[PDB]
$ cat entry.tsv   # TSV, N, CA and C atoms
chain	number	residue	atom	x	y	z
A	99	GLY	N	0.81	-1.21	0.00
A	99	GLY	CA	0.00	0.00	0.00
A	99	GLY	C	0.84	1.26	0.00
A	100	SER	N	1.64	1.44	1.05
A	100	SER	CA	2.49	2.61	1.17
A	100	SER	C	3.97	2.21	1.19
A	101	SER	N	4.32	1.36	2.14
A	101	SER	CA	5.70	0.90	2.28
A	101	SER	C	5.75	-0.60	2.58
A	102	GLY	N	6.84	-1.24	2.16
A	102	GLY	CA	6.99	-2.67	2.40
A	102	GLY	C	7.16	-3.45	1.11
A	103	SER	N	8.14	-3.05	0.31
A	103	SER	CA	8.41	-3.71	-0.96
A	103	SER	C	9.86	-3.52	-1.38
A	104	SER	N	10.49	-4.60	-1.84
A	104	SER	CA	11.88	-4.54	-2.27
A	104	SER	C	11.98	-4.28	-3.77
A	105	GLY	N	12.35	-3.05	-4.13
A	105	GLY	CA	12.48	-2.69	-5.53
A	105	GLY	C	12.09	-1.25	-5.79
A	106	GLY	N	13.06	-0.45	-6.24
A	106	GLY	CA	12.80	0.95	-6.52
A	106	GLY	C	12.86	1.26	-8.00
A	107	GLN	N	14.07	1.33	-8.54
A	107	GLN	CA	14.27	1.63	-9.95
A	107	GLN	C	13.53	0.62	-10.82
A	108	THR	N	13.67	0.77	-12.14
A	108	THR	CA	13.02	-0.13	-13.08
A	108	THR	C	13.92	-0.43	-14.28
A	109	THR	N	13.62	-1.50	-14.99
A	109	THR	CA	14.40	-1.90	-16.16
A	109	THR	C	13.50	-2.18	-17.35
A	110	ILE	N	13.76	-1.50	-18.46
A	110	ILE	CA	12.98	-1.68	-19.67
A	110	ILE	C	13.82	-2.28	-20.79
A	111	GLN	N	13.17	-2.99	-21.71
A	111	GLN	CA	13.87	-3.61	-22.83
A	111	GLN	C	13.53	-2.91	-24.14
A	112	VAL	N	14.47	-2.13	-24.66
A	112	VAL	CA	14.27	-1.41	-25.91
A	112	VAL	C	14.41	-2.34	-27.11
A	113	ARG	N	13.49	-2.21	-28.06
A	113	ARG	CA	13.51	-3.03	-29.26
A	113	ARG	C	14.01	-2.23	-30.46
A	114	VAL	N	15.09	-2.70	-31.07
A	114	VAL	CA	15.67	-2.03	-32.23
A	114	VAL	C	16.06	-3.04	-33.31
A	115	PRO	N	16.02	-2.60	-34.57
A	115	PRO	CA	16.37	-3.44	-35.72
A	115	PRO	C	17.86	-3.76	-35.77
A	116	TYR	N	18.18	-5.04	-35.94
A	116	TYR	CA	19.57	-5.47	-36.00
A	116	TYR	C	20.38	-4.55	-36.92
A	117	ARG	N	19.69	-3.86	-37.81
A	117	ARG	CA	20.35	-2.95	-38.74
A	117	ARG	C	20.84	-1.70	-38.03
A	118	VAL	N	19.99	-1.15	-37.16
A	118	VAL	CA	20.34	0.05	-36.41
A	118	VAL	C	21.30	-0.27	-35.27
A	119	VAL	N	21.17	-1.48	-34.72
A	119	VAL	CA	22.03	-1.91	-33.62
A	119	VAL	C	23.46	-1.44	-33.83
A	120	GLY	N	24.17	-2.10	-34.75
A	120	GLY	CA	25.54	-1.73	-35.02
A	120	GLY	C	25.77	-0.24	-34.99
A	121	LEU	N	24.76	0.52	-35.43
A	121	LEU	CA	24.85	1.97	-35.45
A	121	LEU	C	24.80	2.55	-34.04
A	122	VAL	N	23.88	2.03	-33.23
A	122	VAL	CA	23.73	2.48	-31.85
A	122	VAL	C	24.96	2.13	-31.02
A	123	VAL	N	25.23	0.84	-30.89
A	123	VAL	CA	26.38	0.37	-30.12
A	123	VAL	C	27.63	1.16	-30.48
A	124	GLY	N	27.89	1.30	-31.77
A	124	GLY	CA	29.06	2.02	-32.23
A	124	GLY	C	30.31	1.16	-32.25
A	125	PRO	N	31.40	1.71	-32.79
A	125	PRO	CA	32.68	1.00	-32.89
A	125	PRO	C	33.08	0.35	-31.57
A	126	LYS	N	32.69	-0.91	-31.39
A	126	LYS	CA	33.01	-1.65	-30.18
A	126	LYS	C	32.56	-0.88	-28.94
A	127	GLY	N	31.41	-0.23	-29.04
A	127	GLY	CA	30.89	0.54	-27.92
A	127	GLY	C	31.57	1.88	-27.77
A	128	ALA	N	31.26	2.81	-28.67
A	128	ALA	CA	31.85	4.14	-28.64
A	128	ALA	C	30.77	5.22	-28.59
A	129	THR	N	29.60	4.90	-29.14
A	129	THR	CA	28.48	5.84	-29.16
A	129	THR	C	27.50	5.55	-28.03
A	130	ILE	N	27.18	4.28	-27.84
A	130	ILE	CA	26.25	3.87	-26.79
A	130	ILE	C	26.77	4.26	-25.41
A	131	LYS	N	28.09	4.40	-25.30
A	131	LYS	CA	28.72	4.77	-24.04
A	131	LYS	C	28.34	6.19	-23.65
A	132	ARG	N	28.14	7.05	-24.65
A	132	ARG	CA	27.78	8.44	-24.41
A	132	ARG	C	26.38	8.54	-23.79
A	133	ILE	N	25.45	7.76	-24.33
A	133	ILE	CA	24.08	7.76	-23.84
A	133	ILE	C	24.03	7.40	-22.36
A	134	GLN	N	24.57	6.24	-22.01
A	134	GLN	CA	24.59	5.78	-20.63
A	134	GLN	C	25.01	6.91	-19.69
A	135	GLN	N	25.87	7.79	-20.18
A	135	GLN	CA	26.36	8.91	-19.39
A	135	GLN	C	25.35	10.06	-19.40
A	136	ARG	N	25.00	10.52	-20.59
A	136	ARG	CA	24.05	11.62	-20.74
A	136	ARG	C	22.73	11.29	-20.04
A	137	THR	N	22.45	10.00	-19.88
A	137	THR	CA	21.23	9.56	-19.23
A	137	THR	C	21.52	8.95	-17.87
A	138	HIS	N	22.79	8.67	-17.61
A	138	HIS	CA	23.20	8.08	-16.34
A	138	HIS	C	22.42	6.80	-16.05
A	139	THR	N	22.43	5.88	-17.01
A	139	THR	CA	21.72	4.62	-16.87
A	139	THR	C	22.63	3.44	-17.21
A	140	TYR	N	22.16	2.23	-16.91
A	140	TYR	CA	22.92	1.02	-17.19
A	140	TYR	C	22.41	0.32	-18.44
A	141	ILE	N	23.03	0.61	-19.57
A	141	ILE	CA	22.64	0.01	-20.84
A	141	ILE	C	23.46	-1.24	-21.14
A	142	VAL	N	22.78	-2.35	-21.39
A	142	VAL	CA	23.45	-3.61	-21.69
A	142	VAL	C	23.18	-4.05	-23.12
A	143	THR	N	24.24	-4.39	-23.84
A	143	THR	CA	24.12	-4.83	-25.23
A	143	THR	C	23.79	-6.32	-25.31
A	144	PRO	N	22.99	-6.69	-26.31
A	144	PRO	CA	22.59	-8.09	-26.52
A	144	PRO	C	23.75	-8.96	-26.99
A	145	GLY	N	23.47	-10.24	-27.21
A	145	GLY	CA	24.50	-11.16	-27.66
A	145	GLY	C	24.75	-11.06	-29.15
A	146	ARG	N	25.56	-11.98	-29.68
A	146	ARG	CA	25.89	-11.99	-31.10
A	146	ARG	C	24.93	-12.89	-31.87
A	147	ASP	N	24.45	-13.94	-31.21
A	147	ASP	CA	23.53	-14.88	-31.83
A	147	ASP	C	22.15	-14.79	-31.18
A	148	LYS	N	21.75	-13.58	-30.80
A	148	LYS	CA	20.46	-13.36	-30.17
A	148	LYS	C	19.72	-12.20	-30.83
A	149	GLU	N	18.45	-12.04	-30.48
A	149	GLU	CA	17.64	-10.96	-31.04
A	149	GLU	C	18.13	-9.60	-30.56
A	150	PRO	N	18.05	-8.60	-31.44
A	150	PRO	CA	18.47	-7.23	-31.13
A	150	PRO	C	17.55	-6.55	-30.12
A	151	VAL	N	17.97	-6.54	-28.86
A	151	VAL	CA	17.18	-5.92	-27.80
A	151	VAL	C	18.08	-5.34	-26.71
A	152	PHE	N	18.07	-4.02	-26.59
A	152	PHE	CA	18.88	-3.34	-25.58
A	152	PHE	C	18.18	-3.32	-24.23
A	153	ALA	N	18.95	-3.50	-23.17
A	153	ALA	CA	18.40	-3.50	-21.82
A	153	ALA	C	18.87	-2.28	-21.03
A	154	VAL	N	17.92	-1.48	-20.56
A	154	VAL	CA	18.24	-0.28	-19.79
A	154	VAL	C	17.72	-0.39	-18.37
A	155	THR	N	18.63	-0.26	-17.40
A	155	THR	CA	18.26	-0.35	-15.99
A	155	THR	C	18.45	1.00	-15.30
A	156	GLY	N	17.37	1.51	-14.70
A	156	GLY	CA	17.44	2.78	-14.01
A	156	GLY	C	16.07	3.30	-13.62
A	157	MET	N	16.03	4.53	-13.11
A	157	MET	CA	14.78	5.15	-12.70
A	157	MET	C	13.75	5.09	-13.82
A	158	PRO	N	12.46	5.21	-13.46
A	158	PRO	CA	11.36	5.18	-14.42
A	158	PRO	C	11.33	6.42	-15.31
A	159	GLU	N	12.27	7.33	-15.08
A	159	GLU	CA	12.35	8.56	-15.86
A	159	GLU	C	13.65	8.61	-16.67
A	160	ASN	N	14.67	7.91	-16.17
A	160	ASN	CA	15.96	7.88	-16.84
A	160	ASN	C	15.99	6.80	-17.92
A	161	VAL	N	15.67	5.57	-17.53
A	161	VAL	CA	15.65	4.46	-18.47
A	161	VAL	C	14.78	4.76	-19.68
A	162	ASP	N	13.72	5.54	-19.46
A	162	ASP	CA	12.81	5.91	-20.53
A	162	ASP	C	13.39	7.04	-21.38
A	163	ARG	N	14.31	7.80	-20.79
A	163	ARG	CA	14.94	8.92	-21.48
A	163	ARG	C	15.99	8.42	-22.47
A	164	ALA	N	16.71	7.37	-22.07
A	164	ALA	CA	17.75	6.79	-22.92
A	164	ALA	C	17.14	6.06	-24.11
A	165	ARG	N	16.03	5.38	-23.88
A	165	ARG	CA	15.35	4.64	-24.93
A	165	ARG	C	15.05	5.55	-26.13
A	166	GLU	N	14.56	6.75	-25.84
A	166	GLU	CA	14.23	7.71	-26.89
A	166	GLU	C	15.43	7.97	-27.78
A	167	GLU	N	16.57	8.25	-27.16
A	167	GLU	CA	17.80	8.52	-27.91
A	167	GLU	C	18.19	7.33	-28.77
A	168	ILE	N	18.13	6.14	-28.18
A	168	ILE	CA	18.48	4.92	-28.90
A	168	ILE	C	17.69	4.80	-30.20
A	169	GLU	N	16.37	4.79	-30.08
A	169	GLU	CA	15.50	4.68	-31.25
A	169	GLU	C	15.68	5.87	-32.18
A	170	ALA	N	15.98	7.03	-31.59
A	170	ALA	CA	16.18	8.25	-32.37
A	170	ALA	C	17.19	8.02	-33.49
A	171	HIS	N	18.27	7.31	-33.18
A	171	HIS	CA	19.30	7.02	-34.16
A	171	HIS	C	18.71	6.32	-35.38
A	172	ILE	N	17.69	5.51	-35.16
A	172	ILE	CA	17.04	4.78	-36.24
A	172	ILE	C	16.72	5.70	-37.41
A	173	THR	N	16.31	6.93	-37.09
A	173	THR	CA	15.98	7.91	-38.12
A	173	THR	C	17.21	8.71	-38.54
A	174	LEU	N	18.05	9.05	-37.56
A	174	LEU	CA	19.26	9.82	-37.83
A	174	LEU	C	20.12	9.12	-38.88
A	175	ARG	N	20.54	9.88	-39.88
A	175	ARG	CA	21.38	9.34	-40.95
A	175	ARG	C	22.82	9.18	-40.49
A	176	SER	N	23.30	7.94	-40.49
A	176	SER	CA	24.67	7.65	-40.06
A	176	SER	C	25.37	6.74	-41.06
A	177	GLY	N	25.94	7.33	-42.10
A	177	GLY	CA	26.63	6.56	-43.11
A	177	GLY	C	26.30	7.01	-44.52
A	178	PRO	N	27.01	6.46	-45.51
A	178	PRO	CA	26.81	6.80	-46.92
A	178	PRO	C	25.48	6.28	-47.46
A	179	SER	N	25.03	6.84	-48.58
A	179	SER	CA	23.78	6.43	-49.19
A	179	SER	C	24.03	5.65	-50.48
A	180	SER	N	24.96	6.15	-51.29
A	180	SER	CA	25.29	5.50	-52.55
A	180	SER	C	25.58	4.02	-52.35
A	181	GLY	N	24.76	3.17	-52.96
A	181	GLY	CA	24.94	1.74	-52.83
A	181	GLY	C	26.16	1.24	-53.58
$ encode --input "entry.tsv" --output "structure tokens"
Amino acid sequence: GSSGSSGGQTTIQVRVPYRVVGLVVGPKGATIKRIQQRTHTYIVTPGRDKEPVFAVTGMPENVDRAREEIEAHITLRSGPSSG
């Protein structure tokens, strides 16, 4: 009701396309490292043979703030266009 529960912060699982992943994570973790800081959250990268899903652990306001940036990259142009 008011008090008597173990658990404060929260953890959400962001869903991103394996295509954007490499873009988000960055050169062996060079870009994603900035977010964790700017958002002060615990971002965990998925495996190599698993589905593309980032895990963010933190307050219900921080973890949700980082997710926005992550997906944001999906639209942000990062790389050449000419095939």
$ residues_around --input "entry.tsv" --residues "stretch 114-119 of chain A" --least-positions-apart "5" --cutoff "6.5 Å" --atoms "only N, CA and C atoms" --output "PyMOL selection string"
chain A and resi 124+150-152+172
$ write_last_selection --input "entry.tsv" --atoms "N, CA and C atoms" --output "PDB file, keeping the file's coordinate frame"
ATOM      1  N   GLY A 124      27.890   1.300 -31.770  1.00  0.00           N
ATOM      2  CA  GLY A 124      29.060   2.020 -32.230  1.00  0.00           C
ATOM      3  C   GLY A 124      30.310   1.160 -32.250  1.00  0.00           C
ATOM      4  N   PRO A 150      18.050  -8.600 -31.440  1.00  0.00           N
ATOM      5  CA  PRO A 150      18.470  -7.230 -31.130  1.00  0.00           C
ATOM      6  C   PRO A 150      17.550  -6.550 -30.120  1.00  0.00           C
ATOM      7  N   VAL A 151      17.970  -6.540 -28.860  1.00  0.00           N
ATOM      8  CA  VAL A 151      17.180  -5.920 -27.800  1.00  0.00           C
ATOM      9  C   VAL A 151      18.080  -5.340 -26.710  1.00  0.00           C
ATOM     10  N   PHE A 152      18.070  -4.020 -26.590  1.00  0.00           N
ATOM     11  CA  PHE A 152      18.880  -3.340 -25.580  1.00  0.00           C
ATOM     12  C   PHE A 152      18.180  -3.320 -24.230  1.00  0.00           C
ATOM     13  N   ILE A 172      17.690   5.510 -35.160  1.00  0.00           N
ATOM     14  CA  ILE A 172      17.040   4.780 -36.240  1.00  0.00           C
ATOM     15  C   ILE A 172      16.720   5.700 -37.410  1.00  0.00           C
TER      16      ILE A 172
END
$ atom_distance --input "entry.tsv" --atom1 "atom N of residue A:154" --atom2 "atom CA of residue A:99"
27.3 Å
$ atom_distance --input "entry.tsv" --atom1 "atom N of residue A:109" --atom2 "atom C of residue A:156"
5.6 Å
$ closest_residue --input "entry.tsv" --among "A:181, A:104, A:122, A:131" --to "residue A:168" --atoms "only N, CA and C atoms"
A:122
$ residues_near_point --input "entry.tsv" --point "(13.2, 7.9, -15.1)" --cutoff "12 Å" --atoms "only C-alpha atoms" --output "PyMOL selection string"
chain A and resi 106-110+137-139+154-166
$ atom_distance --input "entry.tsv" --atom1 "atom C of residue A:177" --atom2 "atom N of residue A:136"
24.2 Å
$ closest_residue --input "entry.tsv" --among "A:167, A:112, A:132, A:125" --to "residue A:144" --atoms "only C-alpha atoms"
A:112
$ closest_residue --input "entry.tsv" --among "A:128, A:121, A:146, A:133" --to "residue A:171" --atoms "all atoms listed in the file"
A:121
$ select_by_dssp --input "entry.tsv" --residues "chain A" --states "helix (DSSP H, G or I)" --output "MDAnalysis selection string"
chainID A and resid 116:123 130:138 161:173
$ select_by_dssp --input "entry.tsv" --residues "chain A" --states "strand (DSSP E or B)" --output "PyMOL selection string"
chain A and resi 108-113+140-142+151-156
$ closest_residue --input "entry.tsv" --among "A:100, A:173, A:143, A:180" --to "residue A:123" --atoms "all atoms listed in the file"
A:143
$ decode --input "entry.tsv" --residues "chain A" --atoms "C-alpha atoms" --output "CSV table (one decimal), in the first residue's frame"
chain,number,residue,atom,x,y,z
A,99,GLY,CA,0.0,0.0,0.0
A,100,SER,CA,2.5,2.6,1.2
A,101,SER,CA,5.7,0.9,2.3
A,102,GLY,CA,7.0,-2.7,2.4
A,103,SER,CA,8.4,-3.7,-1.0
A,104,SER,CA,11.9,-4.5,-2.3
A,105,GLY,CA,12.5,-2.7,-5.5
A,106,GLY,CA,12.8,0.9,-6.5
A,107,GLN,CA,14.3,1.6,-10.0
A,108,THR,CA,13.0,-0.1,-13.1
A,109,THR,CA,14.4,-1.9,-16.2
A,110,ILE,CA,13.0,-1.7,-19.7
A,111,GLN,CA,13.9,-3.6,-22.8
A,112,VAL,CA,14.3,-1.4,-25.9
A,113,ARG,CA,13.5,-3.0,-29.3
A,114,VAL,CA,15.7,-2.0,-32.2
A,115,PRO,CA,16.4,-3.4,-35.7
A,116,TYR,CA,19.6,-5.5,-36.0
A,117,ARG,CA,20.3,-2.9,-38.7
A,118,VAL,CA,20.3,0.1,-36.4
A,119,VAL,CA,22.0,-1.9,-33.6
A,120,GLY,CA,25.5,-1.7,-35.0
A,121,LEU,CA,24.9,2.0,-35.5
A,122,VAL,CA,23.7,2.5,-31.9
A,123,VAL,CA,26.4,0.4,-30.1
A,124,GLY,CA,29.1,2.0,-32.2
A,125,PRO,CA,32.7,1.0,-32.9
A,126,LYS,CA,33.0,-1.6,-30.2
A,127,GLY,CA,30.9,0.5,-27.9
A,128,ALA,CA,31.8,4.1,-28.6
A,129,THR,CA,28.5,5.8,-29.2
A,130,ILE,CA,26.2,3.9,-26.8
A,131,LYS,CA,28.7,4.8,-24.0
A,132,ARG,CA,27.8,8.4,-24.4
A,133,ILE,CA,24.1,7.8,-23.8
A,134,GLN,CA,24.6,5.8,-20.6
A,135,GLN,CA,26.4,8.9,-19.4
A,136,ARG,CA,24.0,11.6,-20.7
A,137,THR,CA,21.2,9.6,-19.2
A,138,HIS,CA,23.2,8.1,-16.3
A,139,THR,CA,21.7,4.6,-16.9
A,140,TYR,CA,22.9,1.0,-17.2
A,141,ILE,CA,22.6,0.0,-20.8
A,142,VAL,CA,23.4,-3.6,-21.7
A,143,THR,CA,24.1,-4.8,-25.2
A,144,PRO,CA,22.6,-8.1,-26.5
A,145,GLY,CA,24.5,-11.2,-27.7
A,146,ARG,CA,25.9,-12.0,-31.1
A,147,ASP,CA,23.5,-14.9,-31.8
A,148,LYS,CA,20.5,-13.4,-30.2
A,149,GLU,CA,17.6,-11.0,-31.0
A,150,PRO,CA,18.5,-7.2,-31.1
A,151,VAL,CA,17.2,-5.9,-27.8
A,152,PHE,CA,18.9,-3.3,-25.6
A,153,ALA,CA,18.4,-3.5,-21.8
A,154,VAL,CA,18.2,-0.3,-19.8
A,155,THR,CA,18.3,-0.3,-16.0
A,156,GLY,CA,17.4,2.8,-14.0
A,157,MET,CA,14.8,5.1,-12.7
A,158,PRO,CA,11.4,5.2,-14.4
A,159,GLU,CA,12.3,8.6,-15.9
A,160,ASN,CA,16.0,7.9,-16.8
A,161,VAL,CA,15.7,4.5,-18.5
A,162,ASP,CA,12.8,5.9,-20.5
A,163,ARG,CA,14.9,8.9,-21.5
A,164,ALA,CA,17.8,6.8,-22.9
A,165,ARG,CA,15.3,4.6,-24.9
A,166,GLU,CA,14.2,7.7,-26.9
A,167,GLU,CA,17.8,8.5,-27.9
A,168,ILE,CA,18.5,4.9,-28.9
A,169,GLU,CA,15.5,4.7,-31.2
A,170,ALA,CA,16.2,8.2,-32.4
A,171,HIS,CA,19.3,7.0,-34.2
A,172,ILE,CA,17.0,4.8,-36.2
A,173,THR,CA,16.0,7.9,-38.1
A,174,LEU,CA,19.3,9.8,-37.8
A,175,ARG,CA,21.4,9.3,-41.0
A,176,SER,CA,24.7,7.7,-40.1
A,177,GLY,CA,26.6,6.6,-43.1
A,178,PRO,CA,26.8,6.8,-46.9
A,179,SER,CA,23.8,6.4,-49.2
A,180,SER,CA,25.3,5.5,-52.6
A,181,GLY,CA,24.9,1.7,-52.8
